[PDB]
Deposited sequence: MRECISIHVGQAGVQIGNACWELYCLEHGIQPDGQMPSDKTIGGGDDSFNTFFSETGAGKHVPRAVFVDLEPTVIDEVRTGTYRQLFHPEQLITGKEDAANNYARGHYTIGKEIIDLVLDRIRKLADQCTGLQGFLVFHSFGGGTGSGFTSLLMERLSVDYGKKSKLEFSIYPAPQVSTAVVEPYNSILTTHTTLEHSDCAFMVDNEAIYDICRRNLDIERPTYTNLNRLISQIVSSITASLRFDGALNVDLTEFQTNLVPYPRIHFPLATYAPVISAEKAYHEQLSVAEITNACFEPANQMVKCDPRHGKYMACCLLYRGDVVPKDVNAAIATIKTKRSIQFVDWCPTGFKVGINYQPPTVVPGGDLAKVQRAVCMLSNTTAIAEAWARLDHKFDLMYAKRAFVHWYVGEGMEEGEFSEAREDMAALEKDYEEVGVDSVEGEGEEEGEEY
């Protein structure tokens, strides 16, 4: 009862999944071999872990990659005994940062087996609540295979919600030449089939890690730990009791005002170093004030350019409803946060009793209070415009089109995807432009 199925695709998705399942094992006290020696803990494991007669707890997770390297790393790693062997799926060769290769030619062999594994897990579940998908748009395997799997799962389980946590290409930083083609190709599929997708930018988390943790040169481990913290904060409402709980469906109903507009931005607070944590008291009001600043947003754009349409605050730790009511009143008073006129009440609050869990040897300081905000705004249209410019500038000369055409993709798909992204940007700018009574 009250469980969700998690899917990890590509290298980014798999590594983030290792970070997330390490965090969940730490939160529920499950030692990595699966045993559980140790009253929310007596039921919270049922959300993410399934139990067997021997007392072992197995993740409800599936790991897929068309190349074997990362899956072999986790097979040899610390958590090798945690995951059931059938969950870990391997292809034979990566998509080579090619959407067509990931989707059409190579993904067809593995998609049937992946769907069979998901079907087995869903049959095991009763009272299933959702679908968490972790991938990256820039990759070939991530983009193509996630597009294929989301369309298949939308056909199979269309009456159930699906959540996405995707890594977005930065405006300047990049690690692949053909990122725009893969990203614009997969925006249509995620827009059509995803119920709520959360956007991530590596450069934003680099800046956040610099500013708030003093790390001069962080790595993917820290960013994946932060992603794990955000998703754990989202799922804590189901996993644990609270004074004001929010379910995934009611959360989506609050946050999503229109069908296509389902791309909120995520932020977390208080992110602080262990050196600076002692100095500041970290009250609810200052946590709420810090959570709204531009510099803490994890997609590199200023919300001051855009307009906020709906906000969802998820507090965990010692919190009282007065404090958050006063904090939201104070935030509504400030004019830098411009909410849309047509939405009178733009905030939904949830409170949870359990404090955030701190990983051993992590950079983030222990704190008795924490908040995670999911906010729908028009600022992401700027990042979409930047990516569209980066796409069309090279598409005008047909920069790398023959590689995609060789794998069965048609040239018209690029134009159709560009038209779809143009329509989405026009919708996003249209809804927030103005209103008259």
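According to the record, the deposited residues with no C-alpha atom in the structure span 39 to 42, 442 to 451.
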